[PDB]
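Don't worry about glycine lacking a Cβ; one is built from the backbone with ideal geometry, like all the others, and counts go over all protein chains shown. Each reported figure results from applying straightforward, stated rules to the coordinates on display, with no laboratory input.
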Amino acid sequence: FXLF
Amino acid sequence: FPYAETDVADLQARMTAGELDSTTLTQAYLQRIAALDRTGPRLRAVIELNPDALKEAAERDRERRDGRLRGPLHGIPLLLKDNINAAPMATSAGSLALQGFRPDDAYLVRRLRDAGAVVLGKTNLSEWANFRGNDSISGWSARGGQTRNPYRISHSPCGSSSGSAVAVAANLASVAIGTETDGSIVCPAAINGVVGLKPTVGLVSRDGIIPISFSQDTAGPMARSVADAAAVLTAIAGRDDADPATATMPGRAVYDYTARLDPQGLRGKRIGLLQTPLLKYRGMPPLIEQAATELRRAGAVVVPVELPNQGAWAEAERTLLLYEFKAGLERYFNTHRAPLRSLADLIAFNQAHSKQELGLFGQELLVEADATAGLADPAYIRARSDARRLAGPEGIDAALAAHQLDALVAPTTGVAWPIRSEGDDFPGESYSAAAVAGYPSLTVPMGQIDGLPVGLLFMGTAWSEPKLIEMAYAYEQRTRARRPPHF
């Protein structure tokens, strides 16, 4: 906030 | 490789005809893992091998010889992302803090084993499913090192489900299981040229999985084909008392998703092509244009649409993830009696082992999460509600309703980027709405740009997995765009  | 690009149903048919057994298939994958993952291109997709893999395969073969088959997955070898509990292997989430932590099987793993699947081992992932620090590097963990994209080893495998996507793309196993909170299944799936399916939150139990968010988290299948993904979904879907989210499913039944593999699945369907900047990504126009054409020729109506509230949930999602991460991780540590019992303990451990854990990037997300006030905070409650509402009812659902659509489609993301000391070079996404809404999404290979895979994303409303599989399968069958990586 990406890709967790 | 004799089993390269071979579907689960085909492998099952071969074993059923007595032309192949589980031990042979299992040992074949293990030999390939040794040659491509640990050595050669050193993909580092597999973080730990299951010491009992051969024993399991041998038992499945004995059962078959005795006429006691468990189902479609009997004797099929698969891999599990390392945040999913699976004895007797450790479950570390890629961290050195949990190197010797070996909890019992997660609910979905118990279902897979009962279905007769053979667990080859665990796959690498961005440490803590990438919820650790700022400017993180996808596919990297202290325990597993750097997973690499098999299509170009200098480039990123994306993530958090990095190893699972790479293992499937490189034929290191028949299928794999990954987890997604926001892009972790579909992004690495697209980036590595395979199929990734993120189901509706509540379809598959999250029990026994190191979490991030109970509101958005879900495990999902990763495979080279939609048919293989559907076979895995059929095995792991189901209600579990340990996961309240699974009790919210309307009319749940013993559903066989492989029955939805309809080659005419696009006939009469209405699809909305999302209008995002991703359509203009370098080299994308020709690919998405051809995809729309294939969908139309298949019998579907394709109309350009814009997603209402696109990205409006950003702030709310950040808040809910930070609050839920602390609450969920600490509950997980206690439930499974991990060597660490608080987020504070983890932060302290990383500082004490800064050389091995914090050499590439920090742990700012862990630090911020530890400072959250808890799930009773009005701010969190409002954030949780706003995010779900903006992405679902007033987002995906509003778009579907506006043109009476069955699904929304768009390029999943851009292509893999070179792995560098700096953070990921994120090109963009079109899957976040589904992740935040807790709705299903599925990516299917659509082609390549300069040798790197690009995928087509399908998103639908809650519980529309049957419909999405039908459409994705129909698309896949007339395109067959997946091309294995060249080593």
Revision key, fill the gap. In nanometres, the difference between 0.36 nm per residue of separation and the alpha-carbon distance of residue B:256 and residue B:65 is 66.2 nm
Check your understanding: How do B:181, B:123, B:24 line up, fewest other C-beta atoms within 10 Å first?
Key -> B:24, B:181, B:123
Check your understanding: Across the range B:176-187, in residue order, what do the Karplus-derived ³J(HN,Hα) couplings come to in whole Hz, using 6.51 cos²θ - 1.76 cosθ + 1.60 with θ = phi - 60° and x for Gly and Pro?
Key -> 8, 10, x, 9, 9, 10, 7, x, 5, 10, 5, 5
**Study point:** Centroid-to-centroid separation of the range B:315-384 and the range B:237-279 [C-alpha atoms, Å]
**Key:** 31 Å
Exercise for review: For peptide B:314-320, compute the average count of partner chain beta-carbon atoms within 10 Å of each residue's beta-carbon.
Suggested key: 1
Check your understanding: So what J values fall out for the range B:125-140 if you push phi through Karplus, 6.51 cos²θ - 1.76 cosθ + 1.60 with θ = phi - 60°, rounded to Hz, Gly and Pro as x?
Key -> 7, 4, 3, 6, 6, 6, 10, 10, x, 7, 6, 6, 10, 4, x, 9
Study note, to complete from the structure: The relative contact order of chain B, taking Cα pairs under 8 Å that sit 6 or more residues apart, comes to a percentage of 18 percent
Exercise for review: Take the alpha-carbon centre of the range B:394-443, take the same for the range B:148-200, and report the distance between them in whole Å.
Suggested key: 15 Å
Review point. Summing -39500 (n - 2.57) over the DSSP H runs of n ≥ 4 in chain B and dividing by its residue number, what mean residue ellipticity at 222 nm do you reach, to the nearest 500 deg cm²/dmol?
Key: -10000 deg cm²/dmol
Check your understanding: the range B:386-487: which GluC sites (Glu not before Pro) are DSSP loop and have at most 11 other beta-carbon atoms within 10 angstrom?
Key -> B:422
Exercise for review: Pull up all non-local amide H partners of residue B:407: gap of 5 or more, or a different chain, and H-to-H distance under 5 Å with H placed in the peptide plane.
Suggested key: B:270, B:272
Review point. Tell me, what ³J(HN,Hα) does each residue in the range B:360-369 have, in order and in whole Hz, if you take phi through Karplus 6.51 cos²θ - 1.76 cosθ + 1.60 with θ = phi - 60° and put x for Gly and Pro?
Key: 8, 8, x, 9, 4, 5, 4, 4, 5, 4
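Report the chymotrypsin sites (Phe, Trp or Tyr not before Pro) located in the range B:380-464 that are in a DSSP loop and have at most 13 other Cβ atoms inside 10 Å of their Cβ, or state none.
Working: sites: B:380, B:431, B:458, B:463; in loops: B:431, B:463.
Of the chymotrypsin sites (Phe, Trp or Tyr not before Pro), not one in the loops of the range B:380-464 has a Cβ with at most 13 other Cβ atoms within 10 Å.
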Check your understanding: Between residue B:216 and residues 5 or more places away or on another chain, which pairs have amide H atoms under 5 Å apart, with H built 1.01 Å from N, and which residues are they?
Key -> none
Point to revise | Entries of B:326/B:355; B:198/B:355; B:198/B:280; B:55/B:355; B:55/B:122 with Cα pairs more than 27 Å apart | key: B:198/B:355; B:55/B:355
